[PDB]
């Protein structure tokens, strides 16, 4: 069976709706899981066999899995590369090899009842707070990057890691917005019920139906589907991904429950080009930037996340944390604390074979290879030679 790991905010309901189509025509069950933080668990669980057959997330993490040997190299027939756009292929490319199939490109959400007019910059938004009050996300770097790379943002001359970012002007200004009051479930709770002014939260604006609209420097995160190399279902996964997912139907069934936005499929993207939202979401990519796919990215993401929390209210500042975030860009993580002998020696401690049951009770139970059993017409001559072959000695 194909066990899929995918995020919870996305349409993990629609992927199942496709998975049933697979299950009917294939016999394979499709269990679309949603565990605790897939991007962290996936590279670790591969140490002891366990893990998903295919994975879904943006293509910033795939770089890390790629050099390891976790992502099964995919070589889809050239007729299939015609269906998806070349730059999305470039997005998942790594060392000239394809590690994942490009699924969907991932804008400004606001209540049109409170803020109809669109600000073309971030400088004149805070001043309009004092009107409403009188009458987004905070922790992740995903959501707080729009202004960090507005004034000045791994530079591409290939992404040289010894050249990382200015990043101060964009962040500090935002901090001052938190200090004068001008995270995920707290801010969105106001967006849903109309108490405040990516595409993964568009369908959720339905039961309350706040008047939505997309208007005008984020992260272009191409959602992709990577196959695991440790899984036996390498051939069966690409069957699912090419013939059942990346199609007229599949991508539609996924888009129906929760929109994917701009997708890689030619035939299904040009159908959605008329859509104002998807036309303005690819517009965010025009002034935005394509995200790197390298093992040097993840440290950067976590660093970006820490600089932001304490910047608002903690025990660190912006420039003080940008001076550290600058230096936070070989191995992302290995060991964390030195004094651990004492930690281990006073821990719970598990047990293992050669430590449980009884030896002199029995000697035999029931049950080149290990454990195997041991593997263990015409006479020749004619012509001169035979003739001369009377013998050395003659009779």
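Residue numbers count along the first chain shown, from 1.
- Unmodelled stretch separating residue 153 from residue 154: 1 to 3 residues (count of deposited-sequence residues without coordinates).
- According to the entry, the deposited sequence has 10 or more residues without coordinates between residue 376 and residue 377.
- In this entry, 6-14 shows the higher mean Cα temperature factor of the pair 6-14 and 382-390.
- Taking only CA atoms, the mean B-factor in the PDB entry is higher for 31-39 than for the other of 347-355 and 31-39.
- Set against one another, the Cα B-factors of 292, 170, 102, 261 in the record reach their highest point at 170.
- Within the selection 273, 245, 324, 74, the deposited Cα B-factor values reach their highest point at 324.
- Among the modelled residues of its chain, residue 223 has a C-alpha B-factor that falls in the middle third according to the deposited record.
- Ranked against the other modelled residues of its chain, the C-alpha B-factor of residue 88 as given in the entry falls in the lowest third.
- Compared with the other modelled residues of the chain, the Cα B-factor recorded for residue 26 ranks in the lowest third.
- Sorting the modelled residues of the chain by their CA temperature factor places residue 307 in the highest third.
- Among all modelled residues in this chain, the alpha-carbon of residue 166 has a temperature factor (C-alpha) in the middle third.
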